[PDB]
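Shown next, in structure tokens, is the structure this report addresses.
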Amino acid sequence: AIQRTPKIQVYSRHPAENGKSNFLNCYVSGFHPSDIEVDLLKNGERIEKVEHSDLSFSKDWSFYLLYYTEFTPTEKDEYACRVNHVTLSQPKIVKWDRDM
Amino acid sequence: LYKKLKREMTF
Amino acid sequence: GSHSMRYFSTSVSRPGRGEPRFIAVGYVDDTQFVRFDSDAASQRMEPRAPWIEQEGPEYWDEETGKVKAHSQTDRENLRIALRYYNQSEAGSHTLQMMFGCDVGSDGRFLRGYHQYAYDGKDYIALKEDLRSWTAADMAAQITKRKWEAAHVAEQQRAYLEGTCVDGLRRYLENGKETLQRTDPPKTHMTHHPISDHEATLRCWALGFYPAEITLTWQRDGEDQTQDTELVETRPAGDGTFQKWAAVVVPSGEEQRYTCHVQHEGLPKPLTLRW
Numbered sequence: 020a021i022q023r024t025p026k027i028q029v030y031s032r033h034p035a036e037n038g039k040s041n042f043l044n045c046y047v048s049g050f051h052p053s054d055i056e057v058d059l060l061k062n063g064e065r066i067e068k069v070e071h072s073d074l075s076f077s078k079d080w081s082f083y084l085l086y087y088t089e090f091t092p093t094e095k096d097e098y099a100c101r102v103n104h105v106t107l108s109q110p111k112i113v114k115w116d117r118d119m
Numbered sequence: 001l002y003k004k005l006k007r008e009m010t011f
Numbered sequence: 001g002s003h004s005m006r007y008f009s010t011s012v013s014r015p016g017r018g019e020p021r022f023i024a025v026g027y028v029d030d031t032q033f034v035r036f037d038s039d040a041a042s043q044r045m046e047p048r049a050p051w052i053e054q055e056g057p058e059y060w061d062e063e064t065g066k067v068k069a070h071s072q073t074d075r076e077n078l079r080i081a082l083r084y085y086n087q088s089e090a091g092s093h094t095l096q097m098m099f100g101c102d103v104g105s106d107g108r109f110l111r112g113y114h115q116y117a118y119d120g121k122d123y124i125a126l127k128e129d130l131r132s133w134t135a136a137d138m139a140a141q142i143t144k145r146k147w148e149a150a151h152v153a154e155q156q157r158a159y160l161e162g163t164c165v166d167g168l169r170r171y172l173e174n175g176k177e178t179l180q181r182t183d184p185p186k187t188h189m190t191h192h193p194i195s196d197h198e199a200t201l202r203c204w205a206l207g208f209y210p211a212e213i214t215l216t217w218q219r220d221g222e223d224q225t226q227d228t229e230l231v232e233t234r235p236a237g238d239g240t241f242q243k244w245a246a247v248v249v250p251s252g253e254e255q256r257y258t259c260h261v262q263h264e265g266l267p268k269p270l271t272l273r274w
């Protein structure tokens with residue numbers, strides 16, 4: 020029952036413009052087993068309406084999921100992505116960079 | 001178009 | 001150019017919570033089209049692509065009948081495997097399954113795939129010659145000996161070549177708008193100091209389809225893969241994809257570096273310099 024730590028990437032769909040409607044994507048990949056919990060945060064608070072893509076895997080049998088939500092960033096607002104998995108001693112939180 | 005094995009075969 | 005269509009099946013047991021969970025998704029190249037979910041209340045194959053919503057209900061009823069047949073096949077496949085390996089039923093185990101076919105630029109058959117994986121490792125799979133099976137462990141040799149005697153390799157070969165290809169052929173017509181397009185990436189560099197003696201050079205590729213791409217860094221025309229950080233290609237969510245690679249460089253030696261991008265939608269590969 021092999022295990023894989025997920026590769027987390029948080030990012031905007033289009034390069035961010037403050038006050039313009041974008042999509043926030045958190046993309047986890049290369050993990051195993053398949054059960055995973057992903058949340059999206061605004062200043063540390065979980066975002067309610069969030070859809071995820073369908074469960075699929077790559078050629079190496081490693082799963083990848085895409086959690087996405089529509090949002091309009093500001094200068095102030097902090098966003099992040101929180102992922103827990105059986106391979107993680109604690110949930111890992113990834114803050115969204117405009118340049119990543 | 002999904003696979004259909006006429007007689008479904010298991011391990 | 002060449003094209004591909006794949007179905008990915010994932011089954012997971014949940015011992016205290018009852019029946020295993022089955023999830024299957026269709027793909028043409030990097031574009032998803034259908035999906036199916038065991039726990040979904042619809043209990044039907046659902047379109048995830050706009051160009052496949054036009055199919056008649058005769059189509060949907062046929063597909064949703066076969067995917068349910070596979071779902072219960074894998075549910076019993078899981079029971080056989082917990083027996084085969086003698087793992088306790090308290091544990092939760094996974095069975096992944098993939099099948100599909102490839103075609104050339106003109107549409108002729110190229111390759112085919114029929115394979116399973118148990119708990120992330122290869123269990124069984126169909127060889128490229130499509131007359132034989134590769135079986136890792138002695139549990140899979142049993143199923144191999146089962147599937148050889150039942151002539152399974154011949155029936156799937158008929159599917160893969162006959163049915164898998166013809167469906168891919170109509171899909172590539174139905175979706176000519178989206179599928180057969182190729183989106184060139186929009187590229188640029190970003191510069192991010194860390195110390196006063198160092199800086200970070202990042203080379204971006206944005207909004208490209210298909211997702212297959214090659215990113216490269218160089219110094220004076222010589223390849224730098226030593227210091228390179230390169231992220232896995234990520235879906236943009238709109239149907240396109242994004243990727244970037246980065247190197248830490250001594251400041252101010254920057255224009256001494258070049259970034260090189262290759263993609264199908266590019267007539268010639270690109271060279272970016274700071």
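Protein chains in written order, with the deposited numbering: chain B, 20 to 119; chain E, 1 to 11; chain A, 1 to 274. Even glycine gets a Cβ: it sits at the ideal position worked out from N, Cα and C.
Taking 8 Å as the threshold (C-beta atoms), are residue j and residue i in contact?
i, j, result
"E:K6", "A:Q155", "yes"
"A:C101", "A:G91", "no"
"A:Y159", "E:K3", "yes"
"B:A20", "A:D119", "yes"
"A:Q96", "B:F50", "no"
"A:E53", "A:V34", "no"
"B:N44", "B:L84", "no"
"A:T258", "A:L270", "no"
"A:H192", "A:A199", "yes"
"B:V47", "B:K26", "yes"
"A:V67", "A:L168", "no"
"B:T88", "B:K68", "yes"
In the DSSP assignment, find the unbroken alpha helix (DSSP H) run with residue i in it and report its ends.
i, result
"A:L78", "57–85"
"A:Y171", "165–174"
"A:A149", "138–149"
"A:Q155", "152–158"
If you follow the beta strand (DSSP E) that residue i is in, where does it begin and where does it stop?
i, result
"A:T258", "257–262"
"A:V28", "18–28"
"B:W80", "B:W80 -> no beta strand (DSSP E), and no H or E assigned at all."
"B:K68", "It is not in any beta strand (DSSP E) - B:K68 carries neither H nor E in the DSSP assignment."
"A:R219", "214–219"
"A:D37", "31–37"
"A:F241", "241–250"
"B:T24", "Looking at the DSSP string, B:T24 is not in any beta strand (DSSP E), and its letter there is neither H nor E."
"B:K61", "56–61"
"A:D196", "Careful: A:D196 lies outside any beta strand (DSSP E) and carries neither H nor E."
Under three-state DSSP, which class holds residue i?
i, result
"B:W115", "coil"
"A:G112", "strand"
"B:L43", "strand"
"A:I124", "strand"
"A:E161", "helix"
"A:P50", "helix"
"A:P235", "strand"
"A:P15", "helix"
"B:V105", "coil"
"B:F90", "strand"
"E:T10", "coil"
"A:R202", "strand"
"A:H188", "strand"
"A:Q43", "coil"
"A:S4", "strand"
"A:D223", "strand"
Using alpha carbons as the reference points, say which of the options lies closest to residue i.
i, options, result
"A:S132", "A:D119, A:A117, A:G120, A:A149", "A:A149"
"A:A140", "A:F109, A:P50, A:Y123", "A:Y123"
"A:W51", "A:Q180, A:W274, A:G207", "A:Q180"
"A:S251", "A:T187, A:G237, A:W274", "A:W274"
"A:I213", "A:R108, A:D30, A:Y116, A:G56", "A:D30"
"B:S81", "A:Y84, A:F36, A:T10", "A:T10"
"B:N62", "B:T93, B:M119, B:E89", "B:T93"
"A:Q87", "A:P267, A:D220, A:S13, A:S71", "A:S13"
"A:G26", "A:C164, A:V247, A:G265", "A:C164"
"A:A211", "A:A245, A:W147, A:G239, A:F109", "A:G239"
"A:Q255", "A:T190, A:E264, A:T178", "A:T190"
"B:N41", "B:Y98, B:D54, B:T24, B:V102", "B:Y98"
"A:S2", "A:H197, A:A49, A:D106, A:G207", "A:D106"
Should residue i be labelled buried (16 or more other beta-carbon atoms within 10 Å of its own) or exposed?
i, result
"A:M138", "exposed"
"A:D166", "exposed"
"B:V105", "exposed"
"A:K243", "buried"
"B:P52", "buried"
"A:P57", "exposed"
"B:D73", "buried"
"A:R21", "buried"
"A:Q43", "exposed"
"A:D74", "buried"
"A:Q115", "buried"
"B:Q109", "exposed"
"A:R234", "buried"
"B:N37", "exposed"
Positions along the stretch 80–92 of chain A whose CB lies within less than 8 Å of some CB in chain F: The question asks about chain F, but that chain is absent: this structure's protein chains are B, E and A.
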